[PDB]
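So this first bit is one chain, no partners, the form deposited in one PDB entry, shown in structure tokens.
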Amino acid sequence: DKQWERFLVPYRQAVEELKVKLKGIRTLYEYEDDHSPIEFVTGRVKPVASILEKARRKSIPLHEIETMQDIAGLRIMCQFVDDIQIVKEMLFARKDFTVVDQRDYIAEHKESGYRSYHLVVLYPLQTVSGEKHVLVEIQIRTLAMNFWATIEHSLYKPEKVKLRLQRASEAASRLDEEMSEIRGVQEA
């Protein structure tokens, strides 16, 4: 299976560079103190097994899984739902990649209960031969959404429970709105 691992080399690289780039955004507020809209950033390559599986599901020819948009992904975590908008601004203003696609599951959460902002970028990768472009999916979401989705994604490992899970999601969504509301201590 060296075949695919050789294929994923530029995806690994793309992710590592984007980790350093985005993890450093936060670092900019670190010497003006303030409040940073970014709490932390994670990154990952879809494991080969998952890549072939999803390509069948959405019926993609092995010759064109490049068009699969989340072989490489990064995840940005914020405190408040209004930070997501701010982070959006940045990623759009950036010109070391270019935004290609977007899916707002914060406005219209999924039937599962799932909430996140997904923006797919086109990352220009420098290689020994020339210049490749790989699709990276960045996912922006609050800690609350991240709490919900991390547990739900795991359960991967019954209809009564799909419902309780959807209930839990919105419970969590209210706890979001409540902290943002609480943030009205700005009255100082």
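Between two forms, the rigid core is defined as the largest C-alpha subset superposing within 1.5 Å. Start at 1 and count along the sequence shown; that's the residue number.
What comes next is about the form deposited in another entry, which does not appear here.
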Open item on the list: After core superposition, I'd like to know whether residue 168 moves between this form and the one not shown (criterion: C-alpha shift of 2 angstroms or more).
Closed with: yes
Task: residue 109 C-alpha moves between this form and the one not shown by 2 Å or more, core aligned - done: yes
TODO: Over in the other structure, so in the other entry, do residue 84 and residue 115 pull closer or drift farther apart at the C-alpha level? The difference is 3 angstroms or more.
DONE: closer
TODO: Report the direction of the Cα distance change between residue 102 and residue 26 in the other entry, compared with the displayed form, as closer or farther; the change is 3 Å or more.
DONE: farther
